[PDB]
Amino acid sequence: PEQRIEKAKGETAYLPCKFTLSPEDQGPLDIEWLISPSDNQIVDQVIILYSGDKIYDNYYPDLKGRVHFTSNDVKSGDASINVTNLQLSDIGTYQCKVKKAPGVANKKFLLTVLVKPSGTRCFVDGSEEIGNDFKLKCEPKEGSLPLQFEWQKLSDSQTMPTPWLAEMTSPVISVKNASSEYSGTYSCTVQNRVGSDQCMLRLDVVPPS
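Just so we're aligned, residue 19 is where the sequence shown starts under my numbering, counting upward by one.
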């Protein structure tokens, strides 16, 4: 089991890792967390240890100061960690390895970090001319999937061209055989569960010449 944990950038991830001891488990309690980041191909890197009743946490410089055991009494049965001020670079697989010999247990977490849509650009791809085919595009610079789009007409009738109604919730509107009546100011609003962004374009459909 690889449990998915999903949080937004800047929030804190809780990676729970509670454990029961068998009375047979007489060896010293030893706990190791390791990361395998997405951003690169290093694998199984120690980020924090509990060993000899002491915490060692100076391991992985990208996580400096941001990884802590959740509990104030780890030896009672809680190996959970907090990862605070989440960065996009913290996306990866986190493994909790608990040992109290002969007992050994592991668990993995797949951490994803979400970001709201931002830097969203609204633009026309093509010549804005009567009879032409061109494209209305709403392109976020950043934004975690799944993303929702919604075009609206801000100017004049405040009503989207009927032929475009099917692509109204799409990032791209593929305009065919353009009418001058399609002209106007249009808004693209993009959202995901973190947040929202909006942009605007002006369409001016003129005779081709």
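The beta carbon of each residue, even a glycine, is placed where N, CA and C say it ideally should be.
- request: State the beta-bridge partners of residue 300 as determined by DSSP.
  value: The structure shown does not extend to residue 300, since the chain spans only 19 to 227, so no value can be given for it.
query: Under 8 Å between the Cβ atoms of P135 and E160?
result: yes
message: Please report the straight-line C-alpha distance between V92 and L129, rounded to a whole angstrom.
response: 22 Å
- prompt: From this set, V122, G83 and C217, which residue's C-alpha is nearest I49's C-alpha?
  reply: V122
field: Cβ-based neighbour list, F37, same chain, cut-off 8 Å, excluding 5 preceding and 5 following
entry: Cβ contact annotation for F37 (same chain, cutoff 8 Å, sequence separation greater than five): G95, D96, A97, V116 and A123, in chain order.
Range of the contiguous beta strand (DSSP E) that encloses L104: Run containing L104: none; DSSP gives neither H nor E here.
query: In or out: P46 buried (at least 16 other Cβ within 10 Å) or exposed?
result: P46 is exposed by the Cβ-count criterion.
- prompt: Whose CA, out of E42, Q216, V224 and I148, lies closest to the CA of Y204?
  reply: The shortest Cα separation from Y204 among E42, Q216, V224 and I148 belongs to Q216.
- prompt: So which of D57, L106 and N90 has the shortest CA-CA distance to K72?
  reply: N90
task: Please report how far the alpha carbon of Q209 lies from the alpha carbon of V133, in whole angstroms.
output: Spanning the alpha carbons of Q209 and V133 requires a straight line of approximately 10 Å.
query: Between the Cα of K153 and the Cα atoms of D222, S54 and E24, which residue gives the shortest distance?
result: Relative to the Cα of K153, the nearest Cα in the group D222, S54 and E24 belongs to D222.
task: Provide the residue span of the beta strand (DSSP E) that contains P55, from first to last.
output: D48 to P55
query: Who does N150 pair with in a DSSP beta bridge?
result: Answer is none; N150 lacks a bridge partner.
task: Reducing DSSP to helix, strand and coil, say where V223 ends up.
output: coil
- prompt: When DSSP labels each residue in this structure, what does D215 get in the three-state scheme?
  reply: strand
- prompt: Is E157 helix, strand or coil by DSSP?
  reply: strand
- prompt: Taking the C-alpha atoms as reference points, what is the distance between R211 and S227?
  reply: 46 Å
Own chain, CB closer than 7 Å to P179, minus 5 neighbours either side, in chain order: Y200
- request: Decide if the region 135–148 is in contact with the region 60–69; the criterion is three or more beta carbon pairs, one per stretch, under 8 Å apart.
  value: no
query: Per DSSP, which one or two residues make a beta bridge with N100?
result: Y32 and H86
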